[PDB]
Ligand SMILES: *[C@@H]1O[C@H](CO)[C@@H](O)[C@H](O)[C@H]1NC(C)=O
Ligand SMILES: *[C@@H]1O[C@H](CO)[C@@H](O)[C@H](O)[C@H]1NC(C)=O
Ligand SMILES: *[C@@H]1O[C@H](CO)[C@@H](O)[C@H](O)[C@H]1NC(C)=O
Ligand SMILES: [Zn+2]
């Protein structure tokens, strides 16, 4: 009963930012989702396109694990067919989705006094992101007809802001670690099915 | 690509950056008020320095855009608010002089010292001179103490005030305002929607008009206090003359709350108080705040955040840390709300627990709005909202539901009248004074009153409007308005007049929705979810909409009216008329004390 370390991502010491989200490929494994259900950490569990129970009875060839950290009020933007700062500019989910979204508060570990300036996101971008696209490029945004020749200043802003996390922020501005699972079916002999 | 679209991206940079600096500045200022230490003071100056420098850079940069090209009304207001800078438009060498006076004026007021005739001590304003004006029943003692303040501060403050008026008038000239007085009324101006627009000039001829209906209440209240003062002072008050200024109860007469002991209607009947029974059942500091939450829960307002109940100052520290004990309601931002108050087991602290918490519920309501619109509709909405919550808690009906007093207490009109006169002295006493003070300063900035006729015109208004007179003659060398905190500093005093009117407009409207039939006396808003939702549509508005729209959203009118205030005091009006019919109701401006 070989079982891939879901605890590798769900217990990672350091997560990734929103503008640079991590992607993991899972295959040739057994999917035991009881640990996630019996986990005392998770509090939000929304599944789109697939029922929550009987998850292991129907199985696919490839499973994708994804991770980032966002604000509390900003979790609800991770949903199919939604518009917002994250969906339009940082992480756009497909309109047709087959997977579950996991998010749990992590204020104790991810927030320190004086701010946690290790988390960033993108605020200005010319055109919205196609589903499942990652943009790491950092070029000075232009908001005026006259170019500024690649130096920030008047009418040219840096494309990435910074998240400032502090222990005393509100329940909406506290860090939430989000993991989304993307099940996909292809022409393979159902390598990962479960117990 | 156009000017309108590129302006939209400017605010996003400003909003996503200003909140981070605002939290740092607010948190630093919180620590000093919570821990008075030399190291903490340095942090606030550094933190405020970054906030000040950041604000000027964006405000100067915002002036580049053209206002007319902006089409979105919400965008237009947000850009315009940042565009207004003020004194920065003047030259630095003018600016340094103007700031030099303002700090100087505070120094003389802070360094208050009046030489006592005895050499034992030289009494300062805080707190010895205040004690004389409150707990002394000697006419001669009050006279020297009251004159001493004008004798010391007025003489030094007079030469400085002459340059103060001229310098500020130049600033308003560069901003296209008529005068510095026009700026102070600029916060009440909305110009766009023809149905909802206001005028800066319309603030005048409106404060006066609503004062007309107040006068019947004031004049009737004016004479009643005279009669009771006759018993203590037989040969110093004329039967139809004006009361001496020093005898009002305070140094400036801004409140009459200290006249309750002298002019109580019924001495035998005790006043309502639950302090003696609050000690029973051993109530603690956290129970008062926890109980006062149920008032807002029953009205269907949101609960309190988990960060409120911890990390908040709900009692005096036992570690000896020096603090400022004046209660305050802080909104640090980014989702953090705290209350800092000196909680004791008294009746007053129970009432202020509802008032301070009332400010917090307003702060939560407009949290969704951008940073630049996180404020009350005008300068008078914020304090008015919290005051109406204090009114309900004072009513015995709310107190009876708690079992604090006897479950079958007997109501009598004698004690209810006893309760109204105390409230009438505070709420109604300041109304003639607040209007008079702002009326004078408005005309000084215009220039109608010459600098040589400042003092002669000052007491002429007081005799005609307020109804008081100076005990001793004064000439142009004196400067009496500077003996006030709000006048010595660059503070506007009109907020304390419109707040009272708005306070009773909200209370009357929420009572009707509560299906309360009878007197406005004991109208309780508790256990009435219908009234709560009426309130939340106005609180959540913030500064997004003009105050006329916000006002209409709760009372259905587009202007300030004094009718609800008169309806509140109507039960006292009928009883007070009978008692004042025996003597003359009014005053004689011709009569003078020194002659
Ligand atoms: C993963 O984290 C959970 C949460 O505390 C913990 O119970 C579990 O032991 C962790 N797994 C490992 C392999 O340490
Ligand atoms: C409350 O008052 C009653 C009546 O005298 C008496 O038991 C005592 O004074 C108080 N009780 C407590 C527990 O403090
Ligand atoms: C009102 O008070 C007077 C005395 O002040 C008393 O004679 C009368 O009965 C009272 N009426 C009511 C309704 O309380
Ligand atoms: Zn208040």
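One is the number of the first residue shown, and numbering goes on along the chain from there.
Just so you know, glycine gets a Cβ as well, placed from its N, Cα and C.
Feature annotation from Swiss-Prot assigns domain 'BetaCoV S1-CTD' to A:2-195. Sequence annotations record features per position, and here Swiss-Prot assigns disulfide bond to A:4-A:29, A:47-A:100, A:59-A:193, A:148-A:156 based on experimental evidence. Sequence annotations record features per position, and here Swiss-Prot assigns N-linked glycosylation site to A:11. Residues or ranges marked as region 'Receptor-binding motif' in Swiss-Prot: A:105-176. Positions annotated as region 'Immunodominant HLA epitope recognized by the CD8+' by Swiss-Prot: A:116-124. Annotation source Swiss-Prot lists region 'Disordered' at A:123-158.
Swiss-Prot feature annotations superimposed on the structure.
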residue : record                      : DSSP (3 states)
A:4     : disulfide bond              : coil
A:11    : N-linked glycosylation site : coil
A:29    : disulfide bond              : coil
A:47    : disulfide bond              : strand
A:59    : disulfide bond              : coil
A:100   : disulfide bond              : strand
A:148   : disulfide bond              : coil
A:156   : disulfide bond              : strand
A:193   : disulfide bond              : coil
Inset, instruction - Using a 10 Å cut-off, grab the number of neighbouring Cβ atoms around the Cβ of residue A:148 (disulfide bond), all chains included. - result: 15
Inset, instruction - Round to a whole number and give the Cα-to-Cα distance in Å for the pair residue A:100 (disulfide bond) and residue A:148 (disulfide bond). - result: 44
Inset, instruction - With residue A:29 (disulfide bond) as the reference Cα, tell me which of the disulfide-bonded residues A:47, A:59, A:156 is the closest one. - result: A:59
Inset, instruction - Provide, as an integer number of angstrom, the distance between the C-alpha atoms of residue A:59 (disulfide bond) and residue A:4 (disulfide bond). - result: 15
Inset, instruction - Write down the Cα-Cα distance for residue A:148 (disulfide bond) and residue A:4 (disulfide bond), rounded and given in Å. - result: 50
Legend entry - Intrachain C-beta neighbours of residue A:156 (disulfide bond), sequence separation six or more, cut-off 8 angstroms: A:140, A:141, A:142, A:143, A:144, A:148
Legend entry - Rounded to the nearest Å - Cα separation of residue A:47 (disulfide bond) and residue A:193 (disulfide bond): 18
Inset, instruction - Fill in the CA-CA distance, residue A:193 (disulfide bond) to residue A:11 (N-linked glycosylation site), as an integer in Å. - result: 23
Legend entry - In sequence order, those disulfide-bonded residues of A:47, A:148, A:193 whose CB lies under 6 Å from ligand 1: none
